[PDB]
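Comments concern the structure below.
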Amino acid sequence: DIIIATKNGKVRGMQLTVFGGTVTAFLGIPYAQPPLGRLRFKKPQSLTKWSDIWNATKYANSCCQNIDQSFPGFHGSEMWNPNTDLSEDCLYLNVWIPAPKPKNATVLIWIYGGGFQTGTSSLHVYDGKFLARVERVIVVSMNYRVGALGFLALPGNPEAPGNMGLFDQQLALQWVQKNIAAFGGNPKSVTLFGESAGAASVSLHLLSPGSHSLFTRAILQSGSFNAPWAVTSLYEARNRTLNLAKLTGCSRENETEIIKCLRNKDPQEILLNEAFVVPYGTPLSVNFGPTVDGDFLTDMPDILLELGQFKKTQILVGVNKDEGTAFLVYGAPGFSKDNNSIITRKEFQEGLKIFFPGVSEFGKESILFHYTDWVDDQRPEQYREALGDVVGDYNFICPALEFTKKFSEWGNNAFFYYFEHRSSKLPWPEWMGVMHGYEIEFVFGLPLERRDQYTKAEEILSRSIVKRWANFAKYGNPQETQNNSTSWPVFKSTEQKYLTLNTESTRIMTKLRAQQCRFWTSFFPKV
Amino acid sequence: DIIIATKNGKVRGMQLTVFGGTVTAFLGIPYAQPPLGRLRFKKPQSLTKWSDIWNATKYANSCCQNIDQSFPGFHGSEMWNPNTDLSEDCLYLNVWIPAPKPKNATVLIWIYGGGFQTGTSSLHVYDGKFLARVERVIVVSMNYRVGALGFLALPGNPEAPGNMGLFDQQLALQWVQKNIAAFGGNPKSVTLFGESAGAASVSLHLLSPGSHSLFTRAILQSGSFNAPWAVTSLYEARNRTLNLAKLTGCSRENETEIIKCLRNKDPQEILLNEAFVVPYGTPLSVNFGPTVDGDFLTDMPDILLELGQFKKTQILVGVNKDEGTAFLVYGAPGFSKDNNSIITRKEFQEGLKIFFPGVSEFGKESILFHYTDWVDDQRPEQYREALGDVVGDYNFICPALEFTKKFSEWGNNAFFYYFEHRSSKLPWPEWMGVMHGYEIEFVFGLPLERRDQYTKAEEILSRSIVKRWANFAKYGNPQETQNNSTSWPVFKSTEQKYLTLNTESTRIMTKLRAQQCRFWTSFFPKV
Amino acid sequence: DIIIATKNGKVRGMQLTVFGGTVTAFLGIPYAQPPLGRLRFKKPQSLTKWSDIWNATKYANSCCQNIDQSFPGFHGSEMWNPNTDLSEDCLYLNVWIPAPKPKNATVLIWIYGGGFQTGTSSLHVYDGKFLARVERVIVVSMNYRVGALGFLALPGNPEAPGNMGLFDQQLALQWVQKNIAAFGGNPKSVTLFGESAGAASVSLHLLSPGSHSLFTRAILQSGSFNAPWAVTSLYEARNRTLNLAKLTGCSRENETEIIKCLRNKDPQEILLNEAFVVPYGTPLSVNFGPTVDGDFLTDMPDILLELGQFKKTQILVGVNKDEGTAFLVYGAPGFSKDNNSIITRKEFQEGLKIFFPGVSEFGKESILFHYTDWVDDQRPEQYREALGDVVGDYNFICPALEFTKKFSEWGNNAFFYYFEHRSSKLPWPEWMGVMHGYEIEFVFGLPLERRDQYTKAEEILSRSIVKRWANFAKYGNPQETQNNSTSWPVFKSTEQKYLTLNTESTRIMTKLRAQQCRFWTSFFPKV
Ligand SMILES: *[C@@H]1O[C@H](CO[C@H]2O[C@@H](C)[C@@H](O)[C@@H](O)[C@@H]2O)[C@@H](O[C@@H]2O[C@H](CO)[C@@H](O)[C@H](O)[C@H]2NC(C)=O)[C@H](O)[C@H]1NC(C)=O
Ligand SMILES: *[C@@H]1O[C@H](CO[C@H]2O[C@@H](C)[C@@H](O)[C@@H](O)[C@@H]2O)[C@@H](O[C@@H]2O[C@H](CO)[C@@H](O)[C@H](O)[C@H]2NC(C)=O)[C@H](O)[C@H]1NC(C)=O
Ligand SMILES: *[C@@H]1O[C@H](CO[C@H]2O[C@@H](C)[C@@H](O)[C@@H](O)[C@@H]2O)[C@@H](O[C@@H]2O[C@H](CO)[C@@H](O)[C@H](O)[C@H]2NC(C)=O)[C@H](O)[C@H]1NC(C)=O
Ligand SMILES: *[C@H]1O[C@H](CO[C@H]2O[C@@H](C)[C@@H](O)[C@@H](O)[C@@H]2O)[C@@H](O[C@@H]2O[C@H](CO)[C@@H](O)[C@H](O)[C@H]2NC(C)=O)[C@H](O)[C@H]1NC(C)=O
Ligand SMILES: *[C@H]1O[C@H](CO[C@H]2O[C@@H](C)[C@@H](O)[C@@H](O)[C@@H]2O)[C@@H](O[C@@H]2O[C@H](CO)[C@@H](O)[C@H](O)[C@H]2NC(C)=O)[C@H](O)[C@H]1NC(C)=O
Ligand SMILES: *[C@H]1O[C@H](CO[C@H]2O[C@@H](C)[C@@H](O)[C@@H](O)[C@@H]2O)[C@@H](O[C@@H]2O[C@H](CO)[C@@H](O)[C@H](O)[C@H]2NC(C)=O)[C@H](O)[C@H]1NC(C)=O
Ligand SMILES: *[C@@H]1O[C@H](CO)[C@@H](O)[C@H](O)[C@H]1NC(C)=O
Ligand SMILES: *[C@@H]1O[C@H](CO)[C@@H](O)[C@H](O)[C@H]1NC(C)=O
Ligand SMILES: *[C@@H]1O[C@H](CO)[C@@H](O)[C@H](O)[C@H]1NC(C)=O
Ligand SMILES: *[C@@H]1O[C@H](CO)[C@@H](O)[C@H](O)[C@H]1NC(C)=O
Ligand SMILES: *[C@@H]1O[C@H](CO)[C@@H](O)[C@H](O)[C@H]1NC(C)=O
Ligand SMILES: *[C@@H]1O[C@H](CO)[C@@H](O)[C@H](O)[C@H]1NC(C)=O
Ligand SMILES: *[C@@H]1O[C@H](CO)[C@@H](O)[C@H](O)[C@H]1NC(C)=O
Ligand SMILES: *[C@@H]1O[C@H](CO)[C@@H](O)[C@H](O)[C@H]1NC(C)=O
Ligand SMILES: *[C@@H]1O[C@H](CO)[C@@H](O)[C@H](O)[C@H]1NC(C)=O
Ligand SMILES: *[C@@H]1O[C@H](CO)[C@@H](O)[C@H](O)[C@H]1NC(C)=O
Ligand SMILES: *[C@@H]1O[C@H](CO)[C@@H](O)[C@H](O)[C@H]1NC(C)=O
Ligand SMILES: *[C@@H]1O[C@H](CO)[C@@H](O)[C@H](O)[C@H]1NC(C)=O
Ligand SMILES: CN1C=CC=C/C1=C\NO
Ligand SMILES: CN1C=CC=C/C1=C\NO
Ligand SMILES: CN1C=CC=C/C1=C\NO
Ligand SMILES: [Cl-]
Ligand SMILES: [Cl-]
Ligand SMILES: [Cl-]
Ligand SMILES: [Cl-]
Ligand SMILES: [Cl-]
Ligand SMILES: [Cl-]
Ligand SMILES: [Cl-]
Ligand SMILES: [Cl-]
Ligand SMILES: [Cl-]
Ligand SMILES: [K+]
Ligand SMILES: [K+]
Ligand SMILES: [K+]
Ligand SMILES: [K+]
Ligand SMILES: [K+]
Ligand SMILES: [K+]
């Protein structure tokens, strides 16, 4: 029986055997009042507190969300769908501690992605028991609100202020500050880590003054807030809230009466209509995301970043080799996860339409131009590959590299990686390569489980990554110091060194995607 | 109804519609005991406090002052005359806040000019509603005492210690520190800004130890305390107080009995005699201004500046292209706002007499010499232009550039601008060019009001200036980061870069007025 | 009668005449509960406190330990054996203060070596009365637990957590912080100094967060924790504890029941079996030493050192010219303290077997190769000398120089010495040279006693060393500033300057043992 006294009550955990050792898991501890009834759309409220023992022995409810049903029965898509009941009653977190109870362990706090529309902390690829066992860190993860229920904005109005899901995450950070020493953690050594929208969230906490004192450093996997999908403009946010109203029969005259009406809808009706609040979506549509609310976010974040207004600390940032490929099969014509997706020039042009819906003809031709000067054989896969690169470079890689340059210009150490290993168990086809999301299971140490049908070389890669992330969280320096490893140099504007992560040889390289990012970063924004 | 509880009582504001939005204005909140009866000539005393609601719904009384009556019915002069009743009962301030109430907004505090003899915070060109609306800053402005009633000095004697108007401003700064969080402002992010005597005041607050903790940074428009008009010497101050006495029938034997007598005069009689306390005035006469009082100002300010004794923070400093022209029509012979003011050599010589009344013949010939080596056509406008430059370079531009070099030599970032746009609505004639005072309406965002008959290009210039001032106040760096703008480089001794502000093209230039300032700065002071 | 009131009670000291002066000695003051019965194998517990006067007038019990009986009646070995009764009741310390009582004296705290298996603070060569007399420092020394009784580890289990002897030392450091001002010492000026395992201990206190605030700087004589003998791996520690159990009839099923059984054994039975817990020992066997316990030591120390996680302060580090020789006569074939120990190639090879028991054949040939390329005469002493160097360079000199480079790379000043004087009274034979342990009596100032049959030149060397150590403790800079002495330069990576200590001439030299350490440091660890 392991019981820990927290500020709000007693919690009971469960013991787990991992690699001949023990980890104690506390799954589903509440960290805020359930955001129901009058509380829907509002900032999370602090927990009232319980007498008696809260059993933290199973994953809690995942937040209300639309689900991926493009490939029923297929593991590659369905591994990302929630594996616990959906409910508005979803503001819970999880804690994995080493056994025996550590004395003053560093804390790793995971923030999942899902485009701010989906996701949950109970997914198998986010299981923190391996990190606790192997590195003796404490790992914490929280569910936070998504879609309209997390990000509906009527800016300035506390009935629906925007950014509720970000405040959900922030309230979980406070929970760690107030309670983690009781689990043997050191609230003075907290590193946030997150992937995609989770990484964009970590980047916004670096910018939010209310987050400054709730963490020590940060890790950003495939995302950052200056990614084109990551921040909804004030204008878009109001169009979308008003469209949503219109669709659910809630258009009113008094804004506060819009929200009161929206609070009477059942969750399904809000969810069903989320997809249509936008005139034309792309596969990366973020219908309801972060906004400049005047509260979590005090100014346009591009301006904070440019002018050096953010927490000064170390960062670790990276991307995967084929970020853009996952998205091509959710709409681009000629693509299929069940064939080699050889597409023609014309199909390419149509795919740009699908990914760049509000862009002038000239804007689109300029992309075609940058990406189709072939070298040079007339390889049939030319167009298929160019479309993946386009989608990945614009949406993930160039914004990651740009955030890292700008962050590092104000004096702090930064480290940048390029992940190029394709999982031997990947259920998606070969042409899709080193996909978006498929470093996560390396970071969490799944391939350390020998029973799991990953190769020996994958075991070793995961062990080295887990060590580098852990050393980064504890010491600010993502080195593996014992096994004659390649030193990971700081990323500086000017040299722009990065480290490649793969099974064969680890390399120091310079100026990732230099020609492509010059296009996305200095020209495309004018278009 | 918007009511805010302050340390001294409740205040009610009014709502205003600005650009489809709302700003709440609190106009005329008192911030000190009325300086009447026994309190005339003394430091401002702290506010006793009220029960009930103070209605802050109209501009308060402007301080006692002489008025400009050189051009009755002419908007160019009369825009500067007070637009509320004059009264010794004038120590009030104004607050504009964005709607809805901000969370922790930066604060901009305006200090008006008027040679320390005139001015008021209720003028149309100082209206803070546009800054609040557009940039979501809070804007504060205060009336402070002017002329003998603000600056009469009998140094060392608390019945009339000097610098009362500066202490008035300082007491308004304290009011912001104590009360602004209640209006949603951040007392830890206060930038002072001021023009001409208002800018000279901002520069003296940088030097005053009692002001150190009442603000974060500073903006100086066309003025700084080392301008020749800006600080009255101890000797001049005593001559002037004694002349004033003599004129009002108050000469006594006991200094304290001089002041007691002066306290029995009605305000008009003090004002009527102010102009004559000086043997010969110039159009820029500052009969009663700042002094070294041993209190606000602990030593001669030239010495503090030289030896690095001032608040260390960032500054933004600038001047207009034709600072000196406004003054030529208040006395220089051959000048008129109603003709082209072509003057001869002889008239030039006479104008130097008018502007440089106590200067040796050699002193005057040396100016003539520096400014009349023509290049070269015998253009009729030669003498008219040289006189404007003379007046502007000596009184405004060279002291601004010298304060910026000296300030920046001790390590802090400084930014310097040269404003060269002439308002399309300027009621003064063409020959007077880009006049002193006529950047103010750009800084306050008047041309953002489309109804107002300014051009499209003026709208855009004002929007860019308002952004740069706002970014300076919030972040210390006067950049406009979103619209491919020219970066404003720091001003360093050695390179001396500055930014030009105009409608056509923004430029980085070096060493403004280099030859002229070498004359004013290193030679003229010996003369 | 000298009585001093401490936090736990009154202590009485005794007066001693030293060099025509007086020192007050407090010998045997307790500083923790006696670690007996249920307390055996546990962290030291805080002292309960006494009413009445504790007589601190004789050395206390030395801790339980095996004794050196290789040369009964021989002073060279027996000078190192305890000179007070052995007892588990041994947690006492000693204080020497100058007379009269100083006002705010620097404190020197000695930690003895003995491989963590042996040693005691009452040995004649550790007598602090000369340092107090000559330099007016206060000197403190503590007994701490050794062998299984100090270092038995079942990691994670507080019944036997590991590192008890290190916690013993740490608890004595706290005692100095709480009580030394009462003896006239300055708890803000504490330097630790230690030799061999004592120096390794000082190096681990630099790494232990709980030691950070208990001292100012550090001195390391012939030892540092990255020496191959100095830290037991987690794996070895468990093998050894389980072997010990097996040998004493204490194997159980419940680990806690192993320790309860071990607590019923008499000390002799634990000691008798210590030597056998290891399959094959070397003469430098550390059967029970420091471990990564998660408490004193939060990670593998090689990793802390590499990544800059340690107290930032100055260090003084050094070694003796023939560190390895003492060990050759405890097992290497052909060696004797009673003859010239000329050995053959074959005997060399056998000696490598004795010193490098778990090393591959290739590992051993590589040592033979590095150390036997003769220059060049076939001198008979070739093999005898190479074996001493091998043992000394691997175990002492190269780890000392490597700790100093790594420590200094993070910004702090470091000073490195090479001691090359052989005591004129050394009872060991000539071939053994400048032996391990035989700088101690110079540091403690024994040769300042003229009655003692050391030479005049030895008197002067000791006086200069004592001054340099004292200046290091007080001022962080080990200079002798009055007698035209050679300046001791800081040791920097890159130049690697060190100071030689000898009777003839003091020299600045570079890159000690450069070729040998490249072998031990960059190649041998792979083997
Ligand atoms: C690869 O598959 C795509 C995807 O569309 C198809 O999925 C296939 C696996 C196929 O068996 C069929 O069931 C389904 O329509 C093919 O794209 C389709 O191309 C066909 C031409 O016959 C058109 O009818 C469709 O417009 C088009 N569908 C979409 C959604 O774009 C594609 O031709 C095929 N490519 C290969 C084998 O290289
Ligand atoms: C520009 O005007 C000045 C200003 O003085 C005059 O104002 C004029 C608009 C004019 O109509 C008249 O009412 C008024 O006197 C002229 O300066 C004046 O020059 C005249 C010469 O006839 C003299 O009588 C005055 O001394 C002088 N006045 C002052 C105050 O200096 C000036 O000549 C004229 N210049 C032009 C047209 O270029
Ligand atoms: C130096 O002495 C060693 C040590 O062993 C011996 O100690 C001597 C002082 C000697 O008198 C004797 O009592 C004792 O055995 C000698 O090593 C020994 O060599 C002899 C060869 O006769 C062998 O019998 C032993 O194996 C060996 N002993 C050990 C422990 O190694 C060594 O030969 C001698 N060397 C000289 C004089 O150069
Ligand atoms: C947001 O404002 C309008 C909203 O119109 C929308 O009605 C909603 C309730 C929703 O169902 C949504 O699908 C629909 O668009 C947008 O107007 C669009 O623009 C086209 C222009 O050709 C018009 O035909 C429609 O009004 C509408 N489009 C479609 C396909 O029906 C408006 O464009 C949008 N703002 C943006 C994109 O910035
Ligand atoms: C200040 O001290 C005297 C004051 O004399 C003045 O009487 C005042 C009440 C006032 O009305 C003022 O206009 C008048 O000047 C100054 O003396 C001046 O110097 C000239 C020298 O030729 C004398 O004729 C007068 O006393 C007076 N001037 C005039 C035009 O009347 C004194 O110069 C001044 N101090 C300065 C300028 O530094
Ligand atoms: C630690 O684990 C075993 C323990 O075996 C030991 O039994 C103990 C109680 C003790 O007396 C000790 O001397 C003895 O070794 C080690 O096994 C050794 O390896 C050899 C391999 O040839 C075997 O013959 C024995 O089991 C044992 N050696 C001897 C000489 O008896 C084991 O190797 C050790 N772990 C290490 C060295 O890492
Ligand atoms: C928590 O679990 C234990 C049984 O495993 C039980 O005793 C306790 O009552 C539980 N609490 C519940 C079901 O609320
Ligand atoms: C944990 O470490 C911090 C510094 O990072 C320290 O201040 C704190 O007191 C430690 N807490 C423990 C050992 O409980
Ligand atoms: C709208 O209704 C709300 C909520 O009942 C009320 O508080 C608010 O004053 C109203 N505003 C307007 C403009 O009607
Ligand atoms: C280091 O050593 C061995 C390989 O020789 C391996 O088992 C272990 O995983 C490595 N450690 C890390 C952190 O990569
Ligand atoms: C302030 O204004 C309101 C009316 O608009 C009034 O109720 C209140 O009495 C006023 N206070 C005065 C006139 O003192
Ligand atoms: C406003 O910002 C400051 C730092 O500039 C901070 O210390 C303060 O507490 C903030 N106040 C709020 C959000 O009310
Ligand atoms: C002058 O009168 C004042 C005010 O009544 C008095 O306090 C002061 O002592 C007097 N001083 C002289 C020198 O007469
Ligand atoms: C930036 O964008 C547009 C012009 O393309 C304009 O409306 C806006 O005023 C500009 N913003 C600023 C701060 O100058
Ligand atoms: C300590 O020593 C003195 C005698 O020298 C004595 O008076 C006192 O009783 C002693 N304490 C003991 C023996 O406990
Ligand atoms: C001893 O020196 C320290 C500084 O090293 C000082 O703060 C302390 O108060 C001094 N104590 C005395 C003289 O008792
Ligand atoms: C072993 O015995 C100890 C001490 O009596 C007890 O506290 C512990 O729970 C037991 N553990 C096991 C696994 O038997
Ligand atoms: C310095 O001076 C003399 C030798 O001339 C000597 O007695 C003394 O020991 C020297 N001091 C030190 C600290 O070496
Ligand atoms: C659907 N999804 C959501 C978050 C992160 C990854 C992801 C899929 N990636 O291929
Ligand atoms: C008369 N005046 C007073 C203050 C600032 C400007 C001003 C007029 N300027 O032309
Ligand atoms: C046996 N011993 C223990 C600690 C320090 C030195 C020592 C002997 N050295 O030769
Ligand atoms: Cl084409
Ligand atoms: Cl850093
Ligand atoms: Cl390069
Ligand atoms: Cl002439
Ligand atoms: Cl600065
Ligand atoms: Cl230049
Ligand atoms: Cl051989
Ligand atoms: Cl230092
Ligand atoms: Cl060299
Ligand atoms: K690539
Ligand atoms: K282009
Ligand atoms: K010009
Ligand atoms: K001159
Ligand atoms: K040597
Ligand atoms: K080798």
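Labels used: A, B, ... for chains in the order of the structure tokens, numbers from 1 for residues in each chain, and numbers from 1 for ligands as shown.
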Practice prompt. Could you pull out the residues sitting within 8 Å of ligand 30, using only C-alpha atoms and all ligand atoms, and write them as JSON, numbers by chain?
Written response: {"C": [495, 510, 511]}
Generate a file of the selected residues that holds N, CA, C and O atoms, formatted as a PDB file, in the first residue's frame.
ATOM      1  N   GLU C 495      47.412  24.961 -20.536  1.00  0.00           N
ATOM      2  CA  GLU C 495      48.820  25.010 -20.123  1.00  0.00           C
ATOM      3  C   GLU C 495      49.223  23.938 -19.099  1.00  0.00           C
ATOM      4  O   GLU C 495      50.318  23.369 -19.157  1.00  0.00           O
ATOM      5  N   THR C 510      55.160  21.937 -16.653  1.00  0.00           N
ATOM      6  CA  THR C 510      53.895  21.776 -17.439  1.00  0.00           C
ATOM      7  C   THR C 510      53.603  20.326 -17.795  1.00  0.00           C
ATOM      8  O   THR C 510      54.543  19.539 -18.029  1.00  0.00           O
ATOM      9  N   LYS C 511      52.318  19.948 -17.733  1.00  0.00           N
ATOM     10  CA  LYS C 511      51.837  18.678 -18.298  1.00  0.00           C
ATOM     11  C   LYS C 511      52.469  17.446 -17.682  1.00  0.00           C
ATOM     12  O   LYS C 511      53.118  16.633 -18.372  1.00  0.00           O
TER      13      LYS C 511
END
Discussion item. Could you list the protein, DNA and RNA residues that have any atom within 10 Å of ligand 7, counting only C-alpha atoms and all ligand atoms, and write them as a PyMOL selection string?
Written reply: chain A and resi 1+11-14+52-57
Output file for the residues above (N, CA, C and O atoms, as a PDB file, in the first residue's frame):
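Result written to again.pdb:
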ATOM      1  N   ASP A   1       0.840  -1.250   0.000  1.00  0.00           N
ATOM      2  CA  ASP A   1       0.000   0.000   0.000  1.00  0.00           C
ATOM      3  C   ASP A   1       0.856   1.274   0.000  1.00  0.00           C
ATOM      4  O   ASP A   1       1.538   1.533   0.990  1.00  0.00           O
ATOM      5  N   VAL A  11      -3.665  10.369  -1.557  1.00  0.00           N
ATOM      6  CA  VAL A  11      -3.798   9.495  -2.700  1.00  0.00           C
ATOM      7  C   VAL A  11      -3.068   8.144  -2.514  1.00  0.00           C
ATOM      8  O   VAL A  11      -1.937   8.103  -2.005  1.00  0.00           O
ATOM      9  N   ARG A  12      -3.725   7.061  -2.937  1.00  0.00           N
ATOM     10  CA  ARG A  12      -3.150   5.707  -3.035  1.00  0.00           C
ATOM     11  C   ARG A  12      -2.700   5.384  -4.484  1.00  0.00           C
ATOM     12  O   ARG A  12      -3.454   5.564  -5.428  1.00  0.00           O
ATOM     13  N   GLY A  13      -1.483   4.878  -4.638  1.00  0.00           N
ATOM     14  CA  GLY A  13      -0.967   4.416  -5.928  1.00  0.00           C
ATOM     15  C   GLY A  13      -0.973   2.898  -6.088  1.00  0.00           C
ATOM     16  O   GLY A  13      -1.528   2.168  -5.258  1.00  0.00           O
ATOM     17  N   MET A  14      -0.397   2.433  -7.189  1.00  0.00           N
ATOM     18  CA  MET A  14      -0.194   1.005  -7.391  1.00  0.00           C
ATOM     19  C   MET A  14       1.261   0.743  -7.774  1.00  0.00           C
ATOM     20  O   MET A  14       1.916   1.606  -8.323  1.00  0.00           O
ATOM     21  N   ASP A  52     -10.592  11.492   3.243  1.00  0.00           N
ATOM     22  CA  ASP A  52     -10.475  10.086   2.748  1.00  0.00           C
ATOM     23  C   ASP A  52      -9.374   9.900   1.676  1.00  0.00           C
ATOM     24  O   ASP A  52      -8.682  10.856   1.309  1.00  0.00           O
ATOM     25  N   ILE A  53      -9.246   8.660   1.187  1.00  0.00           N
ATOM     26  CA  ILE A  53      -8.211   8.267   0.231  1.00  0.00           C
ATOM     27  C   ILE A  53      -8.704   8.230  -1.229  1.00  0.00           C
ATOM     28  O   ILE A  53      -9.629   7.466  -1.582  1.00  0.00           O
ATOM     29  N   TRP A  54      -8.077   9.064  -2.073  1.00  0.00           N
ATOM     30  CA  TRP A  54      -8.362   9.007  -3.497  1.00  0.00           C
ATOM     31  C   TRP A  54      -7.543   7.887  -4.116  1.00  0.00           C
ATOM     32  O   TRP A  54      -6.322   7.912  -4.068  1.00  0.00           O
ATOM     33  N   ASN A  55      -8.232   6.900  -4.676  1.00  0.00           N
ATOM     34  CA  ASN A  55      -7.594   5.788  -5.396  1.00  0.00           C
ATOM     35  C   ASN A  55      -7.089   6.228  -6.792  1.00  0.00           C
ATOM     36  O   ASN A  55      -7.871   6.539  -7.667  1.00  0.00           O
ATOM     37  N   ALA A  56      -5.770   6.331  -6.960  1.00  0.00           N
ATOM     38  CA  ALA A  56      -5.192   6.719  -8.242  1.00  0.00           C
ATOM     39  C   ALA A  56      -4.626   5.502  -8.946  1.00  0.00           C
ATOM     40  O   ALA A  56      -3.428   5.402  -9.174  1.00  0.00           O
ATOM     41  N   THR A  57      -5.508   4.582  -9.296  1.00  0.00           N
ATOM     42  CA  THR A  57      -5.100   3.251  -9.724  1.00  0.00           C
ATOM     43  C   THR A  57      -5.530   2.917 -11.165  1.00  0.00           C
ATOM     44  O   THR A  57      -5.338   1.804 -11.635  1.00  0.00           O
TER      45      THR A  57
END
Discussion item. I need the contact residues of chain A against chain B, so if you could list those with any atom within 9 Å, counting only C-alpha atoms, and return them as number ranges by chain, that would help.
Written reply: A: 156-157, 294-295, 298, 302-304, 306-309
Could the residues in this selection be saved with C-alpha atoms as a PDB file, in the first residue's frame?
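The result, written out as result_34.pdb:
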ATOM      1  CA  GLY A 156     -11.929  39.877 -23.285  1.00  0.00           C
ATOM      2  CA  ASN A 157     -14.997  38.039 -21.897  1.00  0.00           C
ATOM      3  CA  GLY A 294      -4.428  39.521 -22.909  1.00  0.00           C
ATOM      4  CA  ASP A 295      -3.908  36.999 -20.050  1.00  0.00           C
ATOM      5  CA  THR A 298      -0.070  39.415 -23.410  1.00  0.00           C
ATOM      6  CA  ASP A 302       5.986  36.595 -32.858  1.00  0.00           C
ATOM      7  CA  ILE A 303       6.681  40.022 -31.278  1.00  0.00           C
ATOM      8  CA  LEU A 304       7.619  38.585 -27.796  1.00  0.00           C
ATOM      9  CA  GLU A 306      11.588  38.840 -31.660  1.00  0.00           C
ATOM     10  CA  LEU A 307      12.109  41.286 -28.727  1.00  0.00           C
ATOM     11  CA  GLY A 308      13.463  38.809 -26.217  1.00  0.00           C
ATOM     12  CA  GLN A 309      10.495  38.628 -23.811  1.00  0.00           C
TER      13      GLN A 309
END
Item to complete: Please report, as a PyMOL selection string, each residue of stretch 304-526 of chain B to which DSSP assigns alpha helix (DSSP H) when run on this structure's backbone.
Response: chain B and resi 304-307+345-355+361-371+382-392+398-408+440-443+456-475+514-518
Item to complete: Name the residues in contact with stretch 257-269 of chain B at a cut-off of 12 Å, using only C-alpha atoms, excluding same-chain residues fewer than 6 positions from it; report them as number ranges by chain.
Response: B: 35-42, 63-67, 86-89, 147-149, 152-154, 157-161, 241-251, 275
Worksheet item: Which residues come within 6 Å of residue B:164, counting only C-alpha atoms, excluding same-chain residues fewer than 3 positions away, as a VMD selection string?
Response: chain B and resid 43 150 to 151 167
Would you write out, as JSON lines, a table of all residues in chain C that have an atom no more than 8 Å from an atom of ligand 17, listing for each the closest atom pair and the distance in Å to one decimal, considering only C-alpha atoms and all ligand atoms and ordering rows by chain and rising residue number?
{"residue": "C:253", "atom": "CA", "partner": "ligand 17", "partner_atom_place_in_ligand_line": "14 (O)", "distance": 7.7}
{"residue": "C:254", "atom": "CA", "partner": "ligand 17", "partner_atom_place_in_ligand_line": "1 (C)", "distance": 5.0}
{"residue": "C:255", "atom": "CA", "partner": "ligand 17", "partner_atom_place_in_ligand_line": "1 (C)", "distance": 7.1}
{"residue": "C:256", "atom": "CA", "partner": "ligand 17", "partner_atom_place_in_ligand_line": "3 (C)", "distance": 5.6}
{"residue": "C:257", "atom": "CA", "partner": "ligand 17", "partner_atom_place_in_ligand_line": "2 (O)", "distance": 6.1}
Discussion item. Could you list, as a ChimeraX atom specification, all protein and nucleic acid residues with an atom at most 12 Å from ligand 1, counting only C-alpha atoms and all ligand atoms?
Written reply: /A:70,328-344,346-348,350-351,354,380-381,384,431
